[PDB]
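S.K.: Can you read through this structure? Questions will come right after.
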Amino acid sequence: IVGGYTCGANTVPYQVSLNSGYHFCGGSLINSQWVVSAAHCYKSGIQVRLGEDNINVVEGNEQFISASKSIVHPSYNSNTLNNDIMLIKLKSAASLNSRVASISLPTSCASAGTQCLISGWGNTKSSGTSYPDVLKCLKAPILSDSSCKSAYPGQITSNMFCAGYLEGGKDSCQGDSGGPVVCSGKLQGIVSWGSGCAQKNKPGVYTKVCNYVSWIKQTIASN
Ligand SMILES: [Ca+2]
């Protein structure tokens with residue numbers, strides 16, 4: 001996260017870390033057995049880390065759980081990043097408490113201007129690379145579809161939204177992918193892609209979770 005602040009330990013109880021011997025993506029807990037993340041974070045060997053603040057120190061409150069399976073959206077397109085969503089089933093059910101809790105799915109899409117909380121352990125630099133130990137947070141509005149499309153003409157599908165600041169200085173960055181975008185208590189977005197980090201007129205692009213609620217529900221029911 002570039003331009004954000006320290007969240008505070010366990011204040012984003014639905015944030016997960018995907019680990020393969022290092023932190024490579026984020027994700028959100030949506031029930032005791034399932035995490036949502038981005039299709040592009042897809043790899044074998046994933047250990048889901050819940051209740052993490054400092055990802056380098058065991059502090060207490062962590063639960064380390066192997067993914068049992070990862071489900072990339074069948075229509076995911078790695079050139080376009082259209083349908084950039086993935087579900088991960090935990091080998092066993094997390095223990096839900098105040099530190100480790102699930103985020104609700106929206107029942108309707110958010111409008112332009114809604115303020116959301118984005119969070120991750122990704123690079124905190126616009127230029128160069130500086131990874132934090134602790135979770136960082138950012139408040140960012142959802143931009144209008146007109147602005148989003150005039151920033152990335154021919155690249156925005158109806159399953160993507162833009163959020164952030166046209167002025168540069170504040171954004172998600174390398175490391176943050178798969179992580180939540182939460183707006184009024186629901187998960188509206190997934191960190192997906194952009195152009196550099198916190199560059200002027202190049203806001204971050206997010207997966208539009210409201211378009212996937214049925215798919216999520218349907219796939220979880222059958223697995
Ligand atoms: Ca830790």
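Note on naming: chains are A, B, ... as they come in the structure tokens, residues start from 1 per chain, ligands start from 1 in the order shown.
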Could you please extract the residues within 10 Å of ligand 1, counting only C-alpha atoms and all ligand atoms, and hand them back as a PyMOL selection string?
M.R.: chain A and resi 9+49-63+133-134
S.K.: Go ahead and dump the residues you just picked, C-alpha atoms, as a PDB file, in the first residue's frame.
M.R.:
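Once everything was written out, this is again_39.pdb:
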ATOM      1  CA  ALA A   9      -2.973  -5.225  14.996  1.00  0.00           C
ATOM      2  CA  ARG A  49      -2.110 -17.193   7.327  1.00  0.00           C
ATOM      3  CA  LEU A  50      -5.001 -15.733   9.462  1.00  0.00           C
ATOM      4  CA  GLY A  51      -4.809 -13.250  12.323  1.00  0.00           C
ATOM      5  CA  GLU A  52      -1.484 -11.749  11.143  1.00  0.00           C
ATOM      6  CA  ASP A  53      -0.185  -8.292  11.954  1.00  0.00           C
ATOM      7  CA  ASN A  54       3.641  -8.517  11.716  1.00  0.00           C
ATOM      8  CA  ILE A  55       4.190 -11.263   9.056  1.00  0.00           C
ATOM      9  CA  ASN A  56       7.701 -11.853  10.152  1.00  0.00           C
ATOM     10  CA  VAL A  57       7.161 -12.456  13.850  1.00  0.00           C
ATOM     11  CA  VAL A  58       4.908 -15.019  15.574  1.00  0.00           C
ATOM     12  CA  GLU A  59       3.068 -12.728  18.019  1.00  0.00           C
ATOM     13  CA  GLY A  60       0.032 -14.786  18.975  1.00  0.00           C
ATOM     14  CA  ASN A  61      -3.314 -14.978  17.233  1.00  0.00           C
ATOM     15  CA  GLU A  62      -2.024 -16.479  14.038  1.00  0.00           C
ATOM     16  CA  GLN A  63      -3.690 -19.665  12.489  1.00  0.00           C
ATOM     17  CA  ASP A 133       6.341  -6.016   8.481  1.00  0.00           C
ATOM     18  CA  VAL A 134       2.889  -4.833   9.610  1.00  0.00           C
TER      19      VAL A 134
END
S.K.: Can you tell me which residues surround residue 86 of chain A at a distance of at most 8 Å, considering only C-alpha atoms, apart from same-chain residues fewer than 5 positions away, and format the answer as JSON, numbers by chain?
M.R.: {"A": [36, 37, 38, 39, 42, 70, 71, 72, 73]}
S.K.: Could you give me, as a CSV table (one decimal) with C-alpha atoms, in the first residue's frame, the residues within 8 Å of residue 116 of chain A, counting only C-alpha atoms and dropping anything in the same chain fewer than 4 positions from it?
M.R.:
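Output contents, as saved in result24.csv:
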chain,number,residue,atom,x,y,z
A,139,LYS,CA,-9.0,4.8,2.5
A,140,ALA,CA,-9.9,5.2,-1.3
A,141,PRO,CA,-13.2,6.1,-3.1
A,142,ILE,CA,-14.5,4.1,-6.1
A,181,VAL,CA,-11.6,-3.6,-0.9
A,182,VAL,CA,-14.3,-3.2,1.8
A,183,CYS,CA,-17.0,-0.6,1.5
A,184,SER,CA,-19.7,-0.2,4.3
S.K.: Under the rule of at most 8 Å, produce a per-residue listing of segment 47-158 of chain A near segment 19-35 of chain A: chain, number, name, the closest pair of atoms, and the distance in Å, as CSV, using only C-alpha atoms.
M.R.:
residue,atom,partner,partner_atom,distance
A:47,CA,A:19,CA,5.1
A:48,CA,A:19,CA,6.3
A:49,CA,A:19,CA,6.9
A:55,CA,A:23,CA,7.8
A:87,CA,A:35,CA,5.8
A:88,CA,A:35,CA,5.2
A:89,CA,A:34,CA,4.7
A:90,CA,A:33,CA,5.1
A:91,CA,A:33,CA,7.9
A:92,CA,A:33,CA,6.6
A:93,CA,A:33,CA,4.8
A:94,CA,A:32,CA,5.2
A:95,CA,A:32,CA,7.1
A:96,CA,A:32,CA,6.8
A:101,CA,A:29,CA,7.0
A:102,CA,A:30,CA,4.4
A:103,CA,A:30,CA,5.0
A:104,CA,A:30,CA,6.3
A:105,CA,A:30,CA,7.5
A:120,CA,A:26,CA,6.3
A:121,CA,A:26,CA,7.8
S.K.: Mind writing the picked residues with N, CA, C and O atoms as a PDB file, in the first residue's frame?
M.R.:
ATOM      1  N   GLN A  47      -0.149 -21.765   1.852  1.00  0.00           N
ATOM      2  CA  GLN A  47      -0.474 -21.777   3.305  1.00  0.00           C
ATOM      3  C   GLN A  47      -1.155 -20.414   3.605  1.00  0.00           C
ATOM      4  O   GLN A  47      -0.724 -19.358   3.079  1.00  0.00           O
ATOM      5  N   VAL A  48      -2.386 -20.510   4.104  1.00  0.00           N
ATOM      6  CA  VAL A  48      -3.233 -19.365   4.370  1.00  0.00           C
ATOM      7  C   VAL A  48      -2.874 -18.908   5.787  1.00  0.00           C
ATOM      8  O   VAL A  48      -2.858 -19.831   6.644  1.00  0.00           O
ATOM      9  N   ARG A  49      -2.493 -17.678   5.973  1.00  0.00           N
ATOM     10  CA  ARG A  49      -2.110 -17.193   7.327  1.00  0.00           C
ATOM     11  C   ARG A  49      -3.189 -16.246   7.842  1.00  0.00           C
ATOM     12  O   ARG A  49      -3.283 -15.199   7.188  1.00  0.00           O
ATOM     13  N   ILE A  55       4.155  -9.919   9.684  1.00  0.00           N
ATOM     14  CA  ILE A  55       4.190 -11.263   9.056  1.00  0.00           C
ATOM     15  C   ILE A  55       5.527 -11.983   9.234  1.00  0.00           C
ATOM     16  O   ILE A  55       5.745 -13.116   8.703  1.00  0.00           O
ATOM     17  N   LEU A  87     -11.124 -18.776  -5.465  1.00  0.00           N
ATOM     18  CA  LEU A  87     -11.620 -19.195  -4.139  1.00  0.00           C
ATOM     19  C   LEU A  87     -10.634 -20.225  -3.636  1.00  0.00           C
ATOM     20  O   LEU A  87     -10.304 -21.147  -4.397  1.00  0.00           O
ATOM     21  N   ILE A  88     -10.393 -20.182  -2.353  1.00  0.00           N
ATOM     22  CA  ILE A  88      -9.475 -21.158  -1.764  1.00  0.00           C
ATOM     23  C   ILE A  88     -10.200 -21.779  -0.537  1.00  0.00           C
ATOM     24  O   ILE A  88     -10.780 -21.017   0.256  1.00  0.00           O
ATOM     25  N   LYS A  89     -10.198 -23.127  -0.604  1.00  0.00           N
ATOM     26  CA  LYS A  89     -10.809 -23.877   0.535  1.00  0.00           C
ATOM     27  C   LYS A  89      -9.665 -24.232   1.489  1.00  0.00           C
ATOM     28  O   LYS A  89      -8.607 -24.820   1.116  1.00  0.00           O
ATOM     29  N   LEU A  90     -10.000 -23.988   2.767  1.00  0.00           N
ATOM     30  CA  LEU A  90      -9.018 -24.317   3.819  1.00  0.00           C
ATOM     31  C   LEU A  90      -9.011 -25.816   4.131  1.00  0.00           C
ATOM     32  O   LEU A  90     -10.082 -26.417   4.060  1.00  0.00           O
ATOM     33  N   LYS A  91      -7.882 -26.408   4.449  1.00  0.00           N
ATOM     34  CA  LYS A  91      -7.827 -27.847   4.817  1.00  0.00           C
ATOM     35  C   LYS A  91      -8.779 -28.080   6.014  1.00  0.00           C
ATOM     36  O   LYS A  91      -9.280 -29.212   6.153  1.00  0.00           O
ATOM     37  N   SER A  92      -8.856 -27.138   6.948  1.00  0.00           N
ATOM     38  CA  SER A  92      -9.728 -27.186   8.136  1.00  0.00           C
ATOM     39  C   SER A  92     -10.258 -25.788   8.423  1.00  0.00           C
ATOM     40  O   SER A  92      -9.726 -24.812   7.857  1.00  0.00           O
ATOM     41  N   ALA A  93     -11.342 -25.719   9.127  1.00  0.00           N
ATOM     42  CA  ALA A  93     -12.067 -24.512   9.488  1.00  0.00           C
ATOM     43  C   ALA A  93     -11.273 -23.684  10.497  1.00  0.00           C
ATOM     44  O   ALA A  93     -10.521 -24.212  11.334  1.00  0.00           O
ATOM     45  N   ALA A  94     -11.141 -22.414  10.147  1.00  0.00           N
ATOM     46  CA  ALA A  94     -10.436 -21.456  11.018  1.00  0.00           C
ATOM     47  C   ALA A  94     -11.290 -21.369  12.312  1.00  0.00           C
ATOM     48  O   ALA A  94     -12.512 -21.569  12.232  1.00  0.00           O
ATOM     49  N   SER A  95     -10.621 -20.857  13.342  1.00  0.00           N
ATOM     50  CA  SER A  95     -11.328 -20.495  14.573  1.00  0.00           C
ATOM     51  C   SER A  95     -11.738 -19.034  14.468  1.00  0.00           C
ATOM     52  O   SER A  95     -10.844 -18.207  14.466  1.00  0.00           O
ATOM     53  N   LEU A  96     -12.999 -18.724  14.386  1.00  0.00           N
ATOM     54  CA  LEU A  96     -13.468 -17.350  14.279  1.00  0.00           C
ATOM     55  C   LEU A  96     -13.675 -16.823  15.701  1.00  0.00           C
ATOM     56  O   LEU A  96     -14.032 -17.559  16.632  1.00  0.00           O
ATOM     57  N   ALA A 101     -12.210 -13.120  11.630  1.00  0.00           N
ATOM     58  CA  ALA A 101     -13.622 -12.974  11.298  1.00  0.00           C
ATOM     59  C   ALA A 101     -13.788 -12.877   9.775  1.00  0.00           C
ATOM     60  O   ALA A 101     -12.852 -12.540   9.034  1.00  0.00           O
ATOM     61  N   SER A 102     -15.011 -13.125   9.306  1.00  0.00           N
ATOM     62  CA  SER A 102     -15.273 -13.252   7.865  1.00  0.00           C
ATOM     63  C   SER A 102     -15.975 -11.970   7.469  1.00  0.00           C
ATOM     64  O   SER A 102     -16.333 -11.200   8.390  1.00  0.00           O
ATOM     65  N   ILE A 103     -15.769 -11.621   6.205  1.00  0.00           N
ATOM     66  CA  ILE A 103     -16.340 -10.350   5.658  1.00  0.00           C
ATOM     67  C   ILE A 103     -17.557 -10.790   4.820  1.00  0.00           C
ATOM     68  O   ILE A 103     -17.477 -11.837   4.167  1.00  0.00           O
ATOM     69  N   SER A 104     -18.656 -10.063   4.913  1.00  0.00           N
ATOM     70  CA  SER A 104     -19.845 -10.344   4.097  1.00  0.00           C
ATOM     71  C   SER A 104     -19.609  -9.959   2.635  1.00  0.00           C
ATOM     72  O   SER A 104     -18.935  -8.922   2.401  1.00  0.00           O
ATOM     73  N   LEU A 105     -20.403 -10.641   1.812  1.00  0.00           N
ATOM     74  CA  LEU A 105     -20.475 -10.446   0.347  1.00  0.00           C
ATOM     75  C   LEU A 105     -21.520  -9.355   0.143  1.00  0.00           C
ATOM     76  O   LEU A 105     -22.455  -9.135   0.941  1.00  0.00           O
ATOM     77  N   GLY A 120      -3.065  -4.467   2.847  1.00  0.00           N
ATOM     78  CA  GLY A 120      -2.095  -5.471   2.402  1.00  0.00           C
ATOM     79  C   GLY A 120      -0.697  -5.247   2.996  1.00  0.00           C
ATOM     80  O   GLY A 120      -0.511  -4.156   3.594  1.00  0.00           O
ATOM     81  N   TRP A 121       0.214  -6.153   2.659  1.00  0.00           N
ATOM     82  CA  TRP A 121       1.594  -6.058   3.125  1.00  0.00           C
ATOM     83  C   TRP A 121       2.486  -5.819   1.884  1.00  0.00           C
ATOM     84  O   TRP A 121       3.652  -6.215   1.972  1.00  0.00           O
TER      85      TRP A 121
END
S.K.: Run DSSP on the backbone and give me the residues of segment 8-71 of chain A it puts in strand (DSSP E), as a PDB file with N, CA, C and O atoms, in the first residue's frame.
M.R.:
ATOM      1  N   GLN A  15      -8.538 -10.049   6.897  1.00  0.00           N
ATOM      2  CA  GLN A  15      -7.377 -10.016   5.956  1.00  0.00           C
ATOM      3  C   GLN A  15      -6.613 -11.332   6.052  1.00  0.00           C
ATOM      4  O   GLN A  15      -6.171 -11.639   7.196  1.00  0.00           O
ATOM      5  N   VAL A  16      -6.250 -11.940   4.901  1.00  0.00           N
ATOM      6  CA  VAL A  16      -5.387 -13.120   5.003  1.00  0.00           C
ATOM      7  C   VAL A  16      -4.080 -12.755   4.247  1.00  0.00           C
ATOM      8  O   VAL A  16      -4.106 -11.918   3.330  1.00  0.00           O
ATOM      9  N   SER A  17      -3.063 -13.532   4.570  1.00  0.00           N
ATOM     10  CA  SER A  17      -1.777 -13.533   3.898  1.00  0.00           C
ATOM     11  C   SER A  17      -1.663 -14.904   3.205  1.00  0.00           C
ATOM     12  O   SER A  17      -1.796 -15.912   3.923  1.00  0.00           O
ATOM     13  N   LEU A  18      -1.274 -14.989   1.910  1.00  0.00           N
ATOM     14  CA  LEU A  18      -1.047 -16.276   1.227  1.00  0.00           C
ATOM     15  C   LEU A  18       0.472 -16.461   1.348  1.00  0.00           C
ATOM     16  O   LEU A  18       1.137 -15.534   0.897  1.00  0.00           O
ATOM     17  N   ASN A  19       0.945 -17.600   1.795  1.00  0.00           N
ATOM     18  CA  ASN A  19       2.366 -17.711   2.072  1.00  0.00           C
ATOM     19  C   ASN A  19       2.871 -18.923   1.302  1.00  0.00           C
ATOM     20  O   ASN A  19       2.242 -19.965   1.491  1.00  0.00           O
ATOM     21  N   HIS A  23       5.424 -14.044   1.877  1.00  0.00           N
ATOM     22  CA  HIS A  23       4.107 -13.479   1.606  1.00  0.00           C
ATOM     23  C   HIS A  23       4.075 -13.052   0.116  1.00  0.00           C
ATOM     24  O   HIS A  23       5.051 -12.435  -0.313  1.00  0.00           O
ATOM     25  N   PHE A  24       3.087 -13.538  -0.653  1.00  0.00           N
ATOM     26  CA  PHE A  24       2.994 -13.202  -2.083  1.00  0.00           C
ATOM     27  C   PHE A  24       1.628 -12.609  -2.425  1.00  0.00           C
ATOM     28  O   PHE A  24       1.590 -11.981  -3.505  1.00  0.00           O
ATOM     29  N   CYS A  25       0.578 -12.822  -1.617  1.00  0.00           N
ATOM     30  CA  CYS A  25      -0.684 -12.156  -2.033  1.00  0.00           C
ATOM     31  C   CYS A  25      -1.505 -11.993  -0.740  1.00  0.00           C
ATOM     32  O   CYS A  25      -1.226 -12.808   0.163  1.00  0.00           O
ATOM     33  N   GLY A  26      -2.563 -11.238  -0.835  1.00  0.00           N
ATOM     34  CA  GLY A  26      -3.534 -11.181   0.259  1.00  0.00           C
ATOM     35  C   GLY A  26      -4.822 -11.955  -0.078  1.00  0.00           C
ATOM     36  O   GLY A  26      -4.858 -12.692  -1.077  1.00  0.00           O
ATOM     37  N   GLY A  27      -5.849 -11.816   0.739  1.00  0.00           N
ATOM     38  CA  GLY A  27      -7.105 -12.567   0.441  1.00  0.00           C
ATOM     39  C   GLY A  27      -7.990 -12.199   1.682  1.00  0.00           C
ATOM     40  O   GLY A  27      -7.556 -11.377   2.506  1.00  0.00           O
ATOM     41  N   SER A  28      -9.254 -12.503   1.401  1.00  0.00           N
ATOM     42  CA  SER A  28     -10.242 -12.244   2.456  1.00  0.00           C
ATOM     43  C   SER A  28     -11.011 -13.532   2.895  1.00  0.00           C
ATOM     44  O   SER A  28     -11.590 -14.208   2.062  1.00  0.00           O
ATOM     45  N   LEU A  29     -11.146 -13.610   4.225  1.00  0.00           N
ATOM     46  CA  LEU A  29     -11.914 -14.746   4.785  1.00  0.00           C
ATOM     47  C   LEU A  29     -13.379 -14.427   4.595  1.00  0.00           C
ATOM     48  O   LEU A  29     -13.856 -13.422   5.216  1.00  0.00           O
ATOM     49  N   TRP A  34     -13.490 -20.725   3.731  1.00  0.00           N
ATOM     50  CA  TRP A  34     -13.201 -20.211   2.367  1.00  0.00           C
ATOM     51  C   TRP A  34     -12.594 -18.798   2.355  1.00  0.00           C
ATOM     52  O   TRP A  34     -13.104 -17.939   3.100  1.00  0.00           O
ATOM     53  N   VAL A  35     -11.574 -18.629   1.551  1.00  0.00           N
ATOM     54  CA  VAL A  35     -10.963 -17.294   1.301  1.00  0.00           C
ATOM     55  C   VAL A  35     -11.217 -16.918  -0.189  1.00  0.00           C
ATOM     56  O   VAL A  35     -11.084 -17.757  -1.124  1.00  0.00           O
ATOM     57  N   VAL A  36     -11.488 -15.646  -0.432  1.00  0.00           N
ATOM     58  CA  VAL A  36     -11.528 -15.077  -1.795  1.00  0.00           C
ATOM     59  C   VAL A  36     -10.161 -14.434  -2.101  1.00  0.00           C
ATOM     60  O   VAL A  36      -9.574 -13.683  -1.283  1.00  0.00           O
ATOM     61  N   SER A  37      -9.701 -14.524  -3.360  1.00  0.00           N
ATOM     62  CA  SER A  37      -8.381 -13.881  -3.646  1.00  0.00           C
ATOM     63  C   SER A  37      -8.361 -13.605  -5.156  1.00  0.00           C
ATOM     64  O   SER A  37      -9.519 -13.547  -5.653  1.00  0.00           O
ATOM     65  N   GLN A  47      -0.149 -21.765   1.852  1.00  0.00           N
ATOM     66  CA  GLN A  47      -0.474 -21.777   3.305  1.00  0.00           C
ATOM     67  C   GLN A  47      -1.155 -20.414   3.605  1.00  0.00           C
ATOM     68  O   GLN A  47      -0.724 -19.358   3.079  1.00  0.00           O
ATOM     69  N   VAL A  48      -2.386 -20.510   4.104  1.00  0.00           N
ATOM     70  CA  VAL A  48      -3.233 -19.365   4.370  1.00  0.00           C
ATOM     71  C   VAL A  48      -2.874 -18.908   5.787  1.00  0.00           C
ATOM     72  O   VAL A  48      -2.858 -19.831   6.644  1.00  0.00           O
ATOM     73  N   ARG A  49      -2.493 -17.678   5.973  1.00  0.00           N
ATOM     74  CA  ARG A  49      -2.110 -17.193   7.327  1.00  0.00           C
ATOM     75  C   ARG A  49      -3.189 -16.246   7.842  1.00  0.00           C
ATOM     76  O   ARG A  49      -3.283 -15.199   7.188  1.00  0.00           O
ATOM     77  N   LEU A  50      -3.925 -16.546   8.895  1.00  0.00           N
ATOM     78  CA  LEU A  50      -5.001 -15.733   9.462  1.00  0.00           C
ATOM     79  C   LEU A  50      -4.560 -15.094  10.785  1.00  0.00           C
ATOM     80  O   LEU A  50      -3.574 -15.658  11.280  1.00  0.00           O
ATOM     81  N   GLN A  63      -3.245 -18.319  12.854  1.00  0.00           N
ATOM     82  CA  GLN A  63      -3.690 -19.665  12.489  1.00  0.00           C
ATOM     83  C   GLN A  63      -3.093 -19.865  11.086  1.00  0.00           C
ATOM     84  O   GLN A  63      -3.213 -18.964  10.197  1.00  0.00           O
ATOM     85  N   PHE A  64      -2.259 -20.878  10.982  1.00  0.00           N
ATOM     86  CA  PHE A  64      -1.618 -21.291   9.708  1.00  0.00           C
ATOM     87  C   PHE A  64      -2.353 -22.541   9.177  1.00  0.00           C
ATOM     88  O   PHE A  64      -2.478 -23.560   9.893  1.00  0.00           O
ATOM     89  N   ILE A  65      -3.027 -22.438   8.045  1.00  0.00           N
ATOM     90  CA  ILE A  65      -3.874 -23.522   7.525  1.00  0.00           C
ATOM     91  C   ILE A  65      -3.591 -23.786   6.086  1.00  0.00           C
ATOM     92  O   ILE A  65      -3.576 -22.799   5.376  1.00  0.00           O
ATOM     93  N   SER A  66      -3.236 -24.928   5.631  1.00  0.00           N
ATOM     94  CA  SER A  66      -3.014 -25.268   4.230  1.00  0.00           C
ATOM     95  C   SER A  66      -4.284 -25.065   3.403  1.00  0.00           C
ATOM     96  O   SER A  66      -5.404 -25.313   3.832  1.00  0.00           O
ATOM     97  N   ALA A  67      -3.987 -24.650   2.169  1.00  0.00           N
ATOM     98  CA  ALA A  67      -5.205 -24.575   1.317  1.00  0.00           C
ATOM     99  C   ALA A  67      -5.452 -26.050   0.970  1.00  0.00           C
ATOM    100  O   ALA A  67      -4.550 -26.878   0.719  1.00  0.00           O
ATOM    101  N   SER A  68      -6.717 -26.381   0.874  1.00  0.00           N
ATOM    102  CA  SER A  68      -7.091 -27.751   0.483  1.00  0.00           C
ATOM    103  C   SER A  68      -7.281 -27.742  -1.038  1.00  0.00           C
ATOM    104  O   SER A  68      -6.865 -28.669  -1.722  1.00  0.00           O
ATOM    105  N   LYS A  69      -8.000 -26.745  -1.531  1.00  0.00           N
ATOM    106  CA  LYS A  69      -8.009 -26.529  -3.010  1.00  0.00           C
ATOM    107  C   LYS A  69      -8.110 -25.041  -3.378  1.00  0.00           C
ATOM    108  O   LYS A  69      -8.720 -24.247  -2.604  1.00  0.00           O
ATOM    109  N   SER A  70      -7.601 -24.751  -4.579  1.00  0.00           N
ATOM    110  CA  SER A  70      -7.745 -23.397  -5.142  1.00  0.00           C
ATOM    111  C   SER A  70      -8.582 -23.450  -6.416  1.00  0.00           C
ATOM    112  O   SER A  70      -8.229 -24.169  -7.333  1.00  0.00           O
ATOM    113  N   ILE A  71      -9.598 -22.635  -6.516  1.00  0.00           N
ATOM    114  CA  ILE A  71     -10.475 -22.589  -7.672  1.00  0.00           C
ATOM    115  C   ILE A  71     -10.374 -21.237  -8.374  1.00  0.00           C
ATOM    116  O   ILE A  71     -11.197 -20.369  -8.090  1.00  0.00           O
TER     117      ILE A  71
END
